[PDB]
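Okay, structure first, notes after.
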Amino acid sequence: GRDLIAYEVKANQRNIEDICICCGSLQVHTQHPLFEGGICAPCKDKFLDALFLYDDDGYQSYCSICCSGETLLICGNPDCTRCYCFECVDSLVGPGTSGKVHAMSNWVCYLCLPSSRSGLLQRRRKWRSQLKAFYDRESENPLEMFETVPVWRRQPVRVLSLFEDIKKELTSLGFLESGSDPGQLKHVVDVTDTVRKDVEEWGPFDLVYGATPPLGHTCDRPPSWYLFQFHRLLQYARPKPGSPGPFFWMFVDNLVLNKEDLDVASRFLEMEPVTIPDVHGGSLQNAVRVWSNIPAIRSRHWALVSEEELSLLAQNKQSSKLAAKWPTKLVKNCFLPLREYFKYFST
Amino acid sequence: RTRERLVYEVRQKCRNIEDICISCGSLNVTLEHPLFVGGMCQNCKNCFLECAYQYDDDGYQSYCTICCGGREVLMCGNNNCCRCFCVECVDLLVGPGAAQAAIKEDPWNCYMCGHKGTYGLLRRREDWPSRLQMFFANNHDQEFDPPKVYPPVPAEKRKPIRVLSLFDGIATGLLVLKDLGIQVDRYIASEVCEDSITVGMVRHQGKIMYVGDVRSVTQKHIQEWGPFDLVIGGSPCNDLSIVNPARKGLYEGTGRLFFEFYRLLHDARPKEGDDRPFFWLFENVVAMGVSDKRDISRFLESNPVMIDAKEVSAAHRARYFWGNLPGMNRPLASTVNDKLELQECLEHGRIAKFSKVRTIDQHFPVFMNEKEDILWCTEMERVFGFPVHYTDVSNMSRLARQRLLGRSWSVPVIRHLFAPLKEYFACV
Amino acid sequence: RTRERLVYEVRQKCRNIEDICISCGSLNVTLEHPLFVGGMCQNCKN
Ligand SMILES: Nc1ncnc2c1ncn2[C@@H]1O[C@H](CSCC[C@H](N)C(=O)O)[C@@H](O)[C@H]1O
Ligand SMILES: [Zn+2]
Ligand SMILES: [Zn+2]
Ligand SMILES: [Zn+2]
Ligand SMILES: [Zn+2]
Ligand SMILES: [Zn+2]
Ligand SMILES: [Zn+2]
Ligand SMILES: [Zn+2]
C-alpha cells in the first residue's frame, strides 16, 4: 500500500527506513540509495535491473525512485536525465503535488533542487556514492562500476577512436563540440607503427573505441589483427595507476571474425560478447557483437538471436552487391550512460 | 631483365656497382649488400630478412643467396656449405658464359667458399661476418626506447626466484636455472603435450606445479599464483618455419599462441610505482616474416636480439630473443664444458663428417662403419647441451622423442641469457 | 554445500586446496590437515 505510509510514518511515528517507499511493503531488504527510506527485495532487484536504463532520445527509461516507466515526469534541467512518476510524487510528497508539478513545466527535480519544501520524501546526502556502494553490495557478480559525477564536476570527454571515426555519433550525442577547432576526439586509421610513447604524447583519454570493418574490405589485413591492435593501444591508453577518474573502453564487431577468433577475443577482453541486433517487423535486419565496460552494456544483450542465424546473416550480406555502411544506430545508444559521467552540451 | 641491363651498363664503367641494388636492380639504394658488392633497397632487405636463413629439406638454402629469389639455383659442393646461387645472378656477376661452364665443373665451390675470393664483376667484401652481426643492429626501422635498467638488490636481501614459464616444453628454463644454482621458490609451467609434461615431471622431480592449456589461464590465476619474478616463453616454430612441408598458413595456430604469451605477460607485470625487479624473455625463430617480426616487436615494445648457438654449441640455432634481462646484447662466451665441434658430441665408435648440424644428399650426418646414420637421440641432447640421457623418461618412439628434442631452446644460449639473474636472486 | 562450491573453485585452479579447510570449508585456516592436503580451522581441530 503506497498510500498507507503517510499514516504509518505520521500517526505511528515510524521511521521511513522501516517501510518500503517504492511500493508500501513493511519488510525491507535494505535502504533506498537516492532517497531516505528502506527498500524491499523485489524492488531491490527491479532497481538494479533498471539502474542505468535510458531511452533512445536521451532520458532515463524508468522512474528514478521506484523504476516505473508507466508514467513519467521529465525534469526541466538540461543537465538532468532523471524522470519520475505521479504515484510517487503524490504518495511521498503529499496528496496534490504531481499535478502541480505537471502544470509547472519548468520543474527541477528533487536531486536538482532540494530547496522546495518536501512532505515526507527526504533526499539522501552524498547519494551518488551511496548508489555506487548499493550496487557493489547488492548486485550479484558486481562489475567495473564508477561513482557518478556531480554535474559541475563534469569535464569534456577525451576519446580515442580506432579504425572508425565516432566524432559524428558523439557530437550528435552532444558529447563532442561542433564549435571547436581543437578536436576532442583523435581518430586513427593506421596504428601499425604506434608506440606507447605516441599514445601518451596524444594526451590522456577518457574513452577508447575500436571496431572491425564491415564486409566491404578497405584492406586485406585479417580481422583478428584489428582486435589485437585494439588490445595493445587500449593497454597504452589506460590511466596511470592511482587514478580515480572514470576510464572506459568499447570494442565493436560487425560479424566479421569467425567463432575461433571470436573465442580468442572473448578471452582477451575478459567477458562474453554482447549481441545487439536490428529487428524490424520481427525480422533480423542486422546485428553487432560488442565488448565494453560501459554501464548496462550487458542488459542490452539479446539471447534470442542464435549463432546460426548470425552465420546466415553474414552469408547473405557478403553476397550482396551493396556498399557497406557503418551501423551507427546500433552502438549509438550504447554511449548514453556516459551522460551521467561526462560533460554534455547541445545547442 | 632490368637488373641485367643495369649490370651491362656497370661493366662499361658508366655506373658504379655500389650505386645499384644487385638483388633486384632497384635505384632506391639505401643500404649496402652485407656479403657482396652493391647497394641494397629496403624491399630487398625485407626479402633478405625473411629468406636468407630458410633451408630446404635438402639441408641447402631454399632460395638464392644474392637476391633471395631467382628461378633455378646452383648448390655448392663444398663440405658444410649450404649456399645456393641462382643462374640469373651468376649471368651478371661472373659472366653470361661462365655459369654454363661452371655447371660442367663437377667439383664446384660457391663464391663465398671460392679459394681465390676475388672475381671480375663480383668481389667478396672482407668483414662479412662482422657486417652480418651488424646487419641485425641495422634493424633500426623499429626504433624503441631501451629496456629499463633496475638497480641491483643487495646479496643479503635476495630471495628465491619465481618463474611463470609458458610453452615450457621439456623444462629447459628451470633446468638452466638449476644449473646456475639459483634458488627457485616456484615454477609454474603451462604445457599441453603429455610427453614434454612427463620429461619435466621426472627430470625436475615433481617441483613444477603443472597447469593445463595457456588459453585457459586467466588473470585471476596469475594473481592467485603469487607474484612472478621471471616470465619466459617461446612460440611454436613447427609451422612458422619453412622446414615443414605443410605450410597452409603462417600465423594461424602459432600466432594466436604468441598473443597468449603477450596477455599473460601483462597479467604478470607489476604496476607502475611497484619497482620490484621483474623480467621476461620471449623466444622465436629467425626464418619468419618481416611484418610478423614488426608486430611482435611492437606488441612486446622491444627490439629483438638475434642469438646464434654456433658461438657456444654444436648446432646452428639462430633465434630471436625479446626481453629486458640485463646484458641480453653482450657477446656470447663458450665455456670449456660446451662442445664447439660435433665430433665431441658423438658417441664412441662414431666419426662425424660435419662440424655443425642441421636437423629438421646429406640428410643423415654421421659416417659410422662406412654407412650413413642419424645422430642418436642422446647425442642430439649432447648437441644442444642437455644433460646426458635427458629425455629417456617414458616409453616413447624415437621419431617422437627426436621431435621433442628439436623444438627445445639451446641450453648454453639460455645459460648465457639467464646468467645475470644470479645478481638479483638467491643462490644455493 | 558452501564447501562444495569452494572445492569447485579449487579445481578450476583459482584457489589453493591448502588455503581452505577441507573438513568444513571454513576460510579461517590456522592449521594444516595432518593426514591429507588442505588447511584446518580450530573448531575442526576440536
Ligand atoms: N597451447 C599450448 N600450450 C602449451 N604448450 C603448447 C601449446 N601448443 C603447443 N605447445 C608446446 O609448446 C612447445 C613449442 S616450442 C617449445 C620450446 C621449449 N622452450 C623447450 O625447450 O622445450 C612444444 O613443445 C609444443 O608442443
Ligand atoms: Zn517495495
Ligand atoms: Zn516512482
Ligand atoms: Zn533533475
Ligand atoms: Zn632491390
Ligand atoms: Zn639470385
Ligand atoms: Zn660454398
Ligand atoms: Zn573447518
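Quick note on naming: the chains in the C-alpha cells go A, B, ... in the order shown, residues restart at 1 in each chain, and ligands are numbered from 1 in order of appearance.
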Practice item. Residues of chain C no more than 12 Å from chain B, counting only C-alpha atoms: send them over as an MDAnalysis selection string. Key: chainID C and resid 9:16 19
Restricting it to N, CA and C atoms, dump the selection as an mmCIF file, in the first residue's frame.
data_model
loop_
_atom_site.group_PDB
_atom_site.id
_atom_site.type_symbol
_atom_site.label_atom_id
_atom_site.label_comp_id
_atom_site.auth_asym_id
_atom_site.auth_seq_id
_atom_site.Cartn_x
_atom_site.Cartn_y
_atom_site.Cartn_z
ATOM 1 N N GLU C 9 35.752 -24.213 -6.871
ATOM 2 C CA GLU C 9 36.639 -23.102 -7.207
ATOM 3 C C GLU C 9 38.106 -23.514 -7.137
ATOM 4 N N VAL C 10 38.425 -24.515 -6.310
ATOM 5 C CA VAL C 10 39.799 -25.014 -6.204
ATOM 6 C C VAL C 10 40.176 -25.851 -7.427
ATOM 7 N N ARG C 11 39.239 -26.649 -7.957
ATOM 8 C CA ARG C 11 39.583 -27.485 -9.108
ATOM 9 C C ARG C 11 39.713 -26.688 -10.399
ATOM 10 N N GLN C 12 39.258 -25.433 -10.416
ATOM 11 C CA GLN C 12 39.487 -24.526 -11.531
ATOM 12 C C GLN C 12 40.865 -23.877 -11.485
ATOM 13 N N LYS C 13 41.647 -24.157 -10.428
ATOM 14 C CA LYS C 13 42.945 -23.544 -10.109
ATOM 15 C C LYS C 13 42.826 -22.049 -9.808
ATOM 16 N N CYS C 14 41.676 -21.615 -9.276
ATOM 17 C CA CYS C 14 41.519 -20.259 -8.756
ATOM 18 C C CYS C 14 41.842 -20.149 -7.275
ATOM 19 N N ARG C 15 41.817 -21.262 -6.544
ATOM 20 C CA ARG C 15 42.140 -21.291 -5.125
ATOM 21 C C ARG C 15 43.007 -22.507 -4.834
ATOM 22 N N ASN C 16 43.961 -22.346 -3.918
ATOM 23 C CA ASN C 16 44.729 -23.484 -3.437
ATOM 24 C C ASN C 16 43.868 -24.343 -2.517
ATOM 25 N N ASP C 19 44.752 -23.497 1.203
ATOM 26 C CA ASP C 19 44.212 -22.269 1.771
ATOM 27 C C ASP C 19 42.780 -22.432 2.254
#
Point to revise | Which of chain C fall in helix (DSSP H, G or I), as a PyMOL selection string | key: chain C and resi 2-11+17-19+42-45
Practice item. Just the residues within 10 Å of residue 1 (chain C), please, counting only C-alpha atoms, with nothing from its chain fewer than 4 positions along; format it as an MDAnalysis selection string. Key: chainID C and resid 5:7 24:25
Store the residues picked out above, limited to N, CA and C atoms, as a PDB file, in the first residue's frame.
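Final output, saved to selection.pdb:
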ATOM      1  N   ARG C   5      31.100 -25.716  -3.175  1.00  0.00           N
ATOM      2  CA  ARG C   5      31.385 -24.604  -4.078  1.00  0.00           C
ATOM      3  C   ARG C   5      32.850 -24.196  -4.000  1.00  0.00           C
ATOM      4  N   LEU C   6      33.405 -24.226  -2.786  1.00  0.00           N
ATOM      5  CA  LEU C   6      34.798 -23.874  -2.542  1.00  0.00           C
ATOM      6  C   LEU C   6      35.742 -24.833  -3.258  1.00  0.00           C
ATOM      7  N   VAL C   7      35.481 -26.137  -3.127  1.00  0.00           N
ATOM      8  CA  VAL C   7      36.279 -27.158  -3.807  1.00  0.00           C
ATOM      9  C   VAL C   7      36.135 -27.047  -5.324  1.00  0.00           C
ATOM     10  N   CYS C  24      35.296 -28.690   6.760  1.00  0.00           N
ATOM     11  CA  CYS C  24      34.019 -27.983   6.739  1.00  0.00           C
ATOM     12  C   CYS C  24      33.988 -26.764   5.825  1.00  0.00           C
ATOM     13  N   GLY C  25      35.083 -26.435   5.141  1.00  0.00           N
ATOM     14  CA  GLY C  25      35.070 -25.328   4.201  1.00  0.00           C
ATOM     15  C   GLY C  25      35.290 -23.962   4.790  1.00  0.00           C
TER      16      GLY C  25
END
**Study point:** strand (DSSP E) residues, from DSSP on the backbone, in region 236-318 of chain B, as a ChimeraX atom specification
**Key:** /B:279-285,305-308,318
The selected residues should be written to file as an mmCIF file, in the first residue's frame (atoms: C-alpha atoms).
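Result went into part-v8.cif, see below:
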data_model
loop_
_atom_site.group_PDB
_atom_site.id
_atom_site.type_symbol
_atom_site.label_atom_id
_atom_site.label_comp_id
_atom_site.auth_asym_id
_atom_site.auth_seq_id
_atom_site.Cartn_x
_atom_site.Cartn_y
_atom_site.Cartn_z
ATOM 1 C CA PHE B 279 61.947 -9.899 -16.006
ATOM 2 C CA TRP B 280 60.645 -11.604 -19.124
ATOM 3 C CA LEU B 281 62.070 -13.486 -22.116
ATOM 4 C CA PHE B 282 60.320 -14.328 -25.343
ATOM 5 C CA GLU B 283 61.951 -16.569 -27.979
ATOM 6 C CA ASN B 284 61.196 -17.123 -31.674
ATOM 7 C CA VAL B 285 62.935 -18.495 -34.828
ATOM 8 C CA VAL B 305 68.253 -9.698 -30.368
ATOM 9 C CA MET B 306 69.356 -12.486 -32.704
ATOM 10 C CA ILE B 307 71.492 -15.100 -30.929
ATOM 11 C CA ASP B 308 73.002 -17.986 -32.911
ATOM 12 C CA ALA B 318 69.755 -18.783 -34.572
#
Check your understanding: From the list B:70, B:181, B:107, B:289, which residue is nearest ligand 7 when using only C-alpha atoms and all ligand atoms?
Key -> B:107
